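Protein chains in written order, with PDB author numbering: chain A, 14 to 454; chain C, 14 to 452; chain B, 28 to 451. For each residue, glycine too, the CB sits at the ideal point set by N, CA and C. Shown next, in structure tokens, is the structure this report addresses.
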Amino acid sequence: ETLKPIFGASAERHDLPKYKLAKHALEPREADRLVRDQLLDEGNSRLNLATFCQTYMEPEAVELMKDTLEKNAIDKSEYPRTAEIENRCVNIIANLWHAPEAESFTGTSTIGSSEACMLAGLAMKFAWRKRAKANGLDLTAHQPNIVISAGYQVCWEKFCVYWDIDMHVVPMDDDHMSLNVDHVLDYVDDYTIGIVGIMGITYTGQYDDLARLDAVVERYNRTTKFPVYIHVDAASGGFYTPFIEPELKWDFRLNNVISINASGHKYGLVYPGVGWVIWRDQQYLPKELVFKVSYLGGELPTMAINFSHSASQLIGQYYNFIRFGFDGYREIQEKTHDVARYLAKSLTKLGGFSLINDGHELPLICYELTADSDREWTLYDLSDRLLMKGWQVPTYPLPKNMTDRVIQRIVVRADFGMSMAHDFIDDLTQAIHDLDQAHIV
Amino acid sequence: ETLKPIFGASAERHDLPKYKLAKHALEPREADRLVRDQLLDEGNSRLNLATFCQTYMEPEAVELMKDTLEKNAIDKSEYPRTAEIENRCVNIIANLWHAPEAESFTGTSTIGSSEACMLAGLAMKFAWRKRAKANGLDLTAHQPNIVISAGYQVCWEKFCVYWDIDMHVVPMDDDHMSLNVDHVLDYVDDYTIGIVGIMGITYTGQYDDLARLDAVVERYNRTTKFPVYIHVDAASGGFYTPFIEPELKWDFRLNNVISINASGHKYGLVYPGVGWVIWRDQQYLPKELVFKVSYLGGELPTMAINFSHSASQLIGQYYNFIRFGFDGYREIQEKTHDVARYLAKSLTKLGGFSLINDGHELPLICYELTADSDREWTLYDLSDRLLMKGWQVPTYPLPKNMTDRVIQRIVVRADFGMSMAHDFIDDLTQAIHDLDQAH
Amino acid sequence: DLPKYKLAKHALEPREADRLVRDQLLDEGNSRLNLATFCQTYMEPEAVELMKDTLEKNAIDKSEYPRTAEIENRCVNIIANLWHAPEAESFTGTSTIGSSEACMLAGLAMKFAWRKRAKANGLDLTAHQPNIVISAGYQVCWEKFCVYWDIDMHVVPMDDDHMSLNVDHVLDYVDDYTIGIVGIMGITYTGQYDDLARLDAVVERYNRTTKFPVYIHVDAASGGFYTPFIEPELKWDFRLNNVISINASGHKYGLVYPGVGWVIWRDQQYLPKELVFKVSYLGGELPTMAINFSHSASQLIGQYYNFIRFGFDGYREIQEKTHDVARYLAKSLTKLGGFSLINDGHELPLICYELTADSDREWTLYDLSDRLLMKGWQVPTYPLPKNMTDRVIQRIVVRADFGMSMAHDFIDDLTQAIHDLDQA
Ligand SMILES: *Cc1c(COP(=O)(O)O)cnc(C)c1O
Ligand SMILES: *Cc1c(COP(=O)(O)O)cnc(C)c1O
Ligand SMILES: *Cc1c(COP(=O)(O)O)cnc(C)c1O
């Protein structure tokens with residue numbers, strides 16, 4: 014049985030189970046080799062330039078994550094030490110976002126910013142509904158709505174479809190590639206549950222002007238009995254911007270920012286599987302959304318869509334916090350910023366590229382092809398050629414009012430080093446040369 | 014700085030950050046030691062008997078999970094091999110649950126059964142809503158409802174709160190530690206989006222009689238233009254019952270079971286982080302819950318609440334499928350069954366216990382203390398002593414119409430060996446003795 | 028950046044140096060998805076760890092590693108017997124780095140043996156160089172042998188009816204100056220076997236009528252560790268009387284990572300004594316034939332590991348599996364249509380093909396290589412050897428670690444690439 018060579022065994026002579034469980038078990042070495050082999054031919058994650066999600070952690074953190082895979086992040090009474098870590102993380106992030114000590118912030122780890130955005134939105138919906146009932150607003154006339162920029166990530170569309178919320182979408186244009194705050198009051202009405210500000214737009218790399226939105230909202234709220242507050246989607250900005258622009262006011266320093274989310278597995282430096290949501294004060298969380306759990310043979314409040322899941326990633330987040338601290342994070346984000354700027358400068362130096370975003374805010378570059386009548390090929394062709402050399406660079410359309418603009422994004426993470434970025438620009442230069450003399454589509 | 018002994022260094026003279034980041038970085042070996050040390054003082058997971066969640070996997074699966082932590086399960090176009098493995102697990106699981114060849118099943122991995130239950134309940138709500146509109150029901154008069162046993166896991170209560178559904182709860186009693194199928198139609202009306210049958214109840218370890226419920230539903234549905242269908246919450250049973258009672262009809266063999274969820278991290282044998290939901294046919298999934306993702310420069314359908322997350326657990330699930338196959342899963346679940354039955358027999362031989370559930374169905378044992386005015390201690394005191402001897406055994410009240418009944422539960426998972434269970438019973442014997450003479 | 032011209036002045040941290048080298052290595056192909064080479068891209072975990080643990084051993088150093096030397100001699104014995112070295116005669120052999128060095132050493136034995144014959148017969152050595160006769164699908168090492176040692180290459184061209192040595196005409200290239208004929212048991216470009224049994228009979232007839240006889244060297248770089256396990260009845264080896272020496276690459280179908288080959292002589296008389304350098308091991312002195320001096324013993328020890336671990340049945344199971352994958356691929360390409368198979372994997376597990384004539388097809392095999400590379404597979408395009416240099420082919424070489432599940436994935440990738448190309 015183990016006498017069989019791994020690549021002489023019966024299982025290596027047949028296809029893998031695709032529709033049903035095979036009758037018999039296999040040796041651990043055989044199953045292992047077959048599963049790993051199915052995975053060989055997908056992009057090496059380090060060359061995936063299409064994602065915010067982290068593709069490197071230090072070996073110590075990898076080993077640590079491995080050793081805590083059995084831990085169950087929901088089970089506070091059985092894993093009270095993991096639950097303490099989570100609490101420390103929430104405190105740490107709250108302080109990073111200037112949660113005021115005069116109010117009692119609450120928050121939680123989530124699987125990612127999607128779960129967090131949905132919880133935040135649900136908190137807004139439920140708080141809005143109590144206001145609406147008390148002011149005799151007719152709940153059958155219209156659906157509640159939220160106001161958000163057209164750069165929204167798909168989780169906000171899921172939130173709206175799943176919970177019967179209209180989306181009041183503030184479109185982008187050539188000058189407003191972030192929320193047009195000057196016009197935001199045109200989308201607000203009695204049924205508005207809140208306004209989402211995006212601190213790092215997935216499509217463009219740009220910050221919404223949260224400080225200006227906060228000023229407008231402060232003034233709007235004196236004029237109505239249907240006040241409206243800000244949720245910040247800082248999926249990506251939340252772990253980046255405090256270390257490189259600490260004086261930019263986007264967070265709980267703004268009076269009307271009531272909740273904030275971020276993904277640990279974006280610029281929090283953790284592999285996929287953790288996000289974070291924080292409410293400035295226990296009142297911006299309606300009690301009917303809080304399910305209470307056993308802890309210290311007593312009680313703790315929880316806001317959660319998921320139940321059981323791995324604590325590995327939240328532990329990893331604490332490992333990062335302790336390991337890097339403020340200065341370590343800052344050094345990492347600064348080098349990331351620097352590679353993004355080298356890249357934006359390299360693409361203008363090559364010509365044929367017009368930069369939509371040059372990496373001044375998030376470390377992300379967006380560009381389109383400058384129109385040239387003597388070019389058969391599109392960015393789709395460029396993405397194909399770059400795959401030949403390992404690189405994944407996605408091509409996509411901009412969101413509404415710029416759906417005629419086709420772009421490519423490069424997102425730069427902590428493990429995209431300066432040397433690898435010089436290599437990328439070589440590979441990219443050769444691709445442009447190869448496509449300039451191509452004879453097929 | 015790298016010369017310092019780990020326990021001679023400045024970071025071990027100071028407390029860890031609790032309220033804010035420290036300013037300065039630490040060396041990797043020091044950070045690693047400090048985080049692991051914070052974790053020493055929780056109960057070794059293998060001795061946690063309150064939970065269905067897996068606390069062991071074989072070393073080859075551990076290493077494969079480690080090696081795949083950077084993969085992002087949502088990102089199909091960048092990890093198409095991982096997405097193909099996912100599709101293969103949906104097929105495998107659909108087949109295991111007898112999805113009919115004549116219809117076209119769909120499904121997806123989830124983080125767990127919570128997200129699965131919620132996506133199923135939402136499919137039911139949206140499909141109910143179209144049917145209700147088309148029959149002119151007044152949608153303003155009552156919230157939609159769902160019907161379920163009182164032993165529902167908290168994720169159904171969350172589903173109901175979050176989506177404004179009324180829960181019509183069928184109570185338990187002394188003779189019905191699972192759904193009272195004969196009474197279920199008292200709870201159904203035109204507003205009912207569906208009935209949830211639980212294939213392995215968290216509190217009691219018992220199967221809802223899904224076959225009987227299907228026959229009740231089939232009869233009810235011929236008399237009405239508001240038909241009702243069954244969603245099976247098989248969080249636990251989905252990966253247990255197919256291997257030990259393959260003939261028990263609970264799954265898509267029943268005509269009116271339109272969807273089923275199971276937790277891969279329960280009897281599917283994966284560490285926490287993977288669940289599964291399957292629909293018997295595409296028509297039971299409303300198109301407006303499907304958000305589309307690029308793949309091979311085309312389009313692929315997804316139902317999902319979460320977005321980015323680890324692929325490690327789902328690859329682990331496929332590893333288990335390949336490594337164990339049907340017979341391996343069967344041998345594991347059989348051993349697990351054997352241990353549960355050993356624990357049930359040892360509690361009865363000790364005297365002083367009444368078995369509420371004896372582990373014939375899920376491998377779970379439920380018990381209360383028999384009436385006795387001379388005994389001054391409670392099951393809460395027993396939990397506390399068992400904890401001193403290393404074990405976590407929860408004490409809790411039974412659900413509706415038994416909320417005055419206090420019980421203990423022991424769940425038996427794959428990694429509770431017979432050896433270890435003999436040791437548990439010695440420990441339980443000693444703790445009883447200790448409680449009988451303390452104050 | 029990393030040093031590209033000069034040494035840096037200062038050392039780096041281990042983790043930093045490690046990270047920098049490994050990152051530089053990132054962006055080259057996962058080796059296992061390269062279908063253009065015979066070189067092994069996988070070994071079992073015990074072998075990898077044994078290799079790592081004997082990295083320090085020196086294969087050349089016999090008095091200092093006598094147990095490693097014994098292992099070499101065992102492998103030589105094992106390989107001799109596999110290729111049916113006769114017991115009536117006295118075979119010798121050695122490990123080498125690869126088939127190149129082995130080919131070179133065998134070619135040099137032939138040159139030196141020819142030159143003595145030639146002097147004895149009064150042949151004018153100044154009038155022509157010695158020559159060797161070989162098929163036009165020769166591997167580059169034969170051309171380096173000829174250039175390095177001043178031997179003319181008498182090349183037998185290939186054509187549509189002969190994708191291996193043309194035995195009908197091989198003697199047209201043979202003359203008094205011929206040091207030998209090389210028969211290739213697995214041609215790199217085409218995967219085909221030269222008809223060794225026929226060449227042997229032809230040579231036996233030739234040799235009966237001249238005092239300048241010619242013998243056969245078999246370049247079994249690939250076939251040597253493959254053909255004995257799936258076609259043991261095929262006579263290609265020392266069962267043929269005029270086969271005097273044979274080479275094979277252990278890092279080809281011998282299943283070892285790069286860095287071992289083997290050369291065996293059927294008898295001591297085919298190895299001129301001037302090529303033998305003797306050494307100090309155990310009580311006496313051991314004969315050596317070797318171009319290289321110090322080098323790793325890891326691959327050698329890897330080969331013995333493989334022989335002990337798998338034995339006959341294990342090698343056979345691996346090679347039969349490999350055979351089945353190759354056959355699966357040939358049948359999958361015929362199912363798709365549009366390909367003309369030059370080799371269909373009945374001989375070596377290599378499939379070789381061209382696109383069938385079609386005027387309404389805008390794309391070529393070069394474009395197909397490109398789309399496969401996008402999908403992660405290296406399947407390059409190249410011209411055939413002399414007389415078919417205008418014919419453009421693609422090749423898939425199947426090795427031990429190309430399992431059947433992986434091959435179904437490859438075929439789905441290939442199917443999709445074709446579709447994409449037909450809309451381009
Ligand atoms: C990616 C992203 C999300 C979703 O994040 P996950 O962590 O993948 O769930 C939400 N908002 C924004 C701005 C994002 O970039
Ligand atoms: C635990 C459980 C759930 C929740 O499962 P997770 O996988 O933890 O989300 C749902 N239903 C039942 C019956 C359960 O036992
Ligand atoms: C590759 C090859 C060689 C050279 O082999 P190495 O082991 O790389 O030195 C010689 N002959 C044939 C037939 C080959 O395929």
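- Query: Quick one: is A:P407 near chain B, going by C-beta distance under 8 Å?
  - Reply: The residue given as residue 407 of chain A occupies position 394 in the first sequence. Chain B contact via Cβ: absent.
- Query: Does the stretch 317-330 of chain B come close enough to the stretch 271-284 of chain B to have 3 or more Cβ pairs within less than 8 Å?
  - Reply: yes
- Query: DSSP state of B:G207, grouped into three classes?
  - Reply: Translated into the one-based positions of the third sequence, residue 207 of chain B becomes position 180. Note: B:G207 maps to strand in three-state DSSP.
- Query: Looking at chain A, which residues of the stretch 51-67 of chain B have a Cβ within less than 8 Å of any of its Cβ atoms?
  - Reply: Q51, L53, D54, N57, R59, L60
- Message: Against chain A, does C:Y297 count as a neighbour if the rule is that its beta carbon must be under 8 Å from one of theirs?
- Response: By one-based count along the second sequence, residue 297 of chain C stands at place 284. It does not: the Cβ of C:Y297 has no partner Cβ on chain A nearer than 8 Å.
- Message: I'd like to check one pair, A:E347 with A:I423: are the Cβ atoms closer than 8 Å?
- Response: Taking the first sequence and counting its residues from 1, the one referred to as residue 423 of chain A is at position 410. Taking the first sequence and counting its residues from 1, the one referred to as residue 347 of chain A is at position 334. No.
- Taking C:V270 as the reference, give the member of C:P255, C:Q156, C:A224, C:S276 with the closest Cα. Counting from 1 along the second sequence, the entry for residue 270 of chain C is found at position 257. Closest option to C:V270, Cα to Cα, is C:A224.
- Query: Any chance the CB of C:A248 is under 7 Å from a heavy atom of ligand 4?
  - Reply: Absence of ligand 4 from the depicted structure is noted, with ligand 1, ligand 2 and ligand 3 being the only ligands included.
- Host beta strand (DSSP E) of A:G120 (start-end): Walking along the first sequence from the start, residue 120 of chain A turns up at place 107. Residues 119-123.
- Query: C:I369 and C:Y380 look like a contact to me (Cβ under 8 Å); what is the Cβ gap, rounded to whole Å?
  - Reply: Against the second sequence, residue 369 of chain C aligns to sequence position 356. Against the second sequence, residue 380 of chain C aligns to sequence position 367. Confirmed, about 6 Å.
- Could you tell me the boundaries of the alpha helix (DSSP H) in which B:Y331 lies? Along the third sequence, read from residue 1 onward, the residue named residue 331 of chain B stands at position 304. Residues 325-363.
- Pick from A:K84, A:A63, A:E55: whose alpha carbon is nearest that of C:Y69? The residue given as residue 69 of chain C occupies position 56 in the second sequence. Closest by alpha carbon: A:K84.
- Delimiting residues of the beta strand (DSSP E) encompassing B:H181: Indexing the third sequence from 1 puts residue 181 of chain B at position 154. Segment 179-183, the beta strand (DSSP E) holding B:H181.
- Hey, does A:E71 have any beta-carbon neighbour from chain C nearer than 8 Å? The count along the first sequence starts at 1 and reaches residue 71 of chain A at position 58. So, interface residue.
- Item | Residues in the stretch 391-416 of chain A having any Cβ partner in chain B nearer than 7 Å | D397, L400, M401, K402, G403
- Query: From C:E43, C:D385, C:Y92, pick the residue whose C-alpha is nearest to that of A:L77; which is it?
  - Reply: If you number the first sequence from 1, residue 77 of chain A lands on position 64. Nearest C-alpha to A:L77: C:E43.
- Item | Minimum C-alpha distance to C:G310 - residue among B:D203, B:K413, B:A434, B:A444 | What you label residue 310 of chain C is simply residue 297 of the second sequence in a count that begins at 1. Nearest of B:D203, B:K413, B:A434, B:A444 to C:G310, Cα basis: B:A444.
- Message: Using the three-state DSSP reduction, which class does A:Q421 fall into: helix, strand or coil?
- Response: Counting from 1 along the first sequence, the entry for residue 421 of chain A is found at position 408. Reduced to three states, the DSSP call for A:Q421 is strand.
- Task: Specify the secondary structure class of C:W289 as computed by DSSP and reduced to three states.
- Result: Counting from 1 along the second sequence, the entry for residue 289 of chain C is found at position 276. The answer is strand: DSSP assigns C:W289 an E or B state.
- Message: Our contact map puts A:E344 next to C:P41 with C-beta atoms below 8 Å; I'd like the distance itself, whole angstroms only.
- Response: Numbered from its first residue, the first sequence carries residue 344 of chain A at position 331. Numbered from its first residue, the second sequence carries residue 41 of chain C at position 28. The Cβ separation is near 15 Å, so there is no contact.
- Query: Regarding A:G286 and ligand 2, is the C-beta to nearest heavy atom distance less than 7 Å?
  - Reply: One-based indexing of the first sequence puts residue 286 of chain A at position 273. No.
- Task: Report yes or no: is there a C-beta of chain A within less than 8 Å of the C-beta of B:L29?
- Result: Translated into positions along the third sequence, residue 29 of chain B becomes position 2. Interface residue, yes.
- Any 3 or more C-beta pairs closer than 8 Å across the stretch 88-98 of chain A and the stretch 104-111 of chain C: no
- Task: Would you decide whether C:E99 is buried or exposed? Buried here means 16 or more other CB atoms lie within 10 Å of its CB.
- Result: Indexing the second sequence from 1 puts residue 99 of chain C at position 86. Flag for C:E99 reads buried.
- Item | Selected residue, minimal CA-CA separation from A:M185, among A:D417, A:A147, A:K362 | For the purposes of this step, residue 185 of chain A is taken as the residue at position 172 of the first sequence. Cα-wise, what sits closest to A:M185 is A:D417.
- Between C:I19, C:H350, C:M415, which lies nearest to C:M431 when the distance is taken from Cα to Cα? Translated into the one-based positions of the second sequence, residue 431 of chain C becomes position 418. Ranking the options by Cα distance to C:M431, first place goes to C:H350.
- Buried or exposed for B:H278, please, with buried defined as at least 16 other CB atoms from any protein chain shown within 10 angstroms of its CB. Taking the first residue of the third sequence as position 1, residue 278 of chain B is located at position 251. Looking at its Cβ environment, which holds 16 or more other Cβ atoms inside 10 Å, B:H278 is buried.
- Item | Any non-hydrogen atom of ligand 2 within 7 Å of C:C168 CB | Here residue 168 of chain C refers to the residue found at position 155 of the second sequence. At least one heavy atom of ligand 2 is nearer than 7 Å to the Cβ of C:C168, so yes.
- Message: Taking beta-carbon pairs under 9 Å, can you tell me which members of the stretch 268-285 of chain A lie near chain C?
- Response: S276, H278, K279, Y284, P285
- Where does B:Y409 fall in DSSP's three states? As a working mapping, residue 409 of chain B is identified with position 382 in the third sequence. Residue state, collapsed to three classes: strand.
- Query: With a CB to CB cut of under 7 Å and the five nearest residues on each side skipped, what residues in its chain are close to A:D177?
  - Reply: Locating residue 177 of chain A in the first sequence gives position 164, counting from the first residue. Excluding positions up to five away in sequence, the list reads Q156.
- Query: Which residues in chain B sit within 8 Å of A:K17, going by Cβ to Cβ distance?
  - Reply: Taking the first residue of the first sequence as 1, we reach residue 17 of chain A at position 4. The answer, in chain order, is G341, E344.
- Task: Decide if the stretch 158-175 of chain C is in contact with the stretch 124-134 of chain C; the criterion is three or more beta carbon pairs, one per stretch, under 8 Å apart.
- Result: yes
- Item | Continuous alpha helix (DSSP H) stretch holding B:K171: start and end | Here residue 171 of chain B is taken as the residue at index 144 of the third sequence, counted from 1. Looking at the DSSP string, the run of the alpha helix (DSSP H) that includes B:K171 is 167-176.
- Outcome for B:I318 when other beta-carbon atoms lying within 10 angstroms are tallied against a minimum of 16: The residue labelled residue 318 of chain B in the question sits at position 291 within the third sequence. Classification of B:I318: exposed, given that the 10 Å Cβ count is below 16.
- Item | Pair within 8 Å by beta-carbon distance, residue 465 of chain A and A:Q405 | Because chain A spans 14 through 454 in this model, residue 465 of chain A falls outside it and cannot be assessed.
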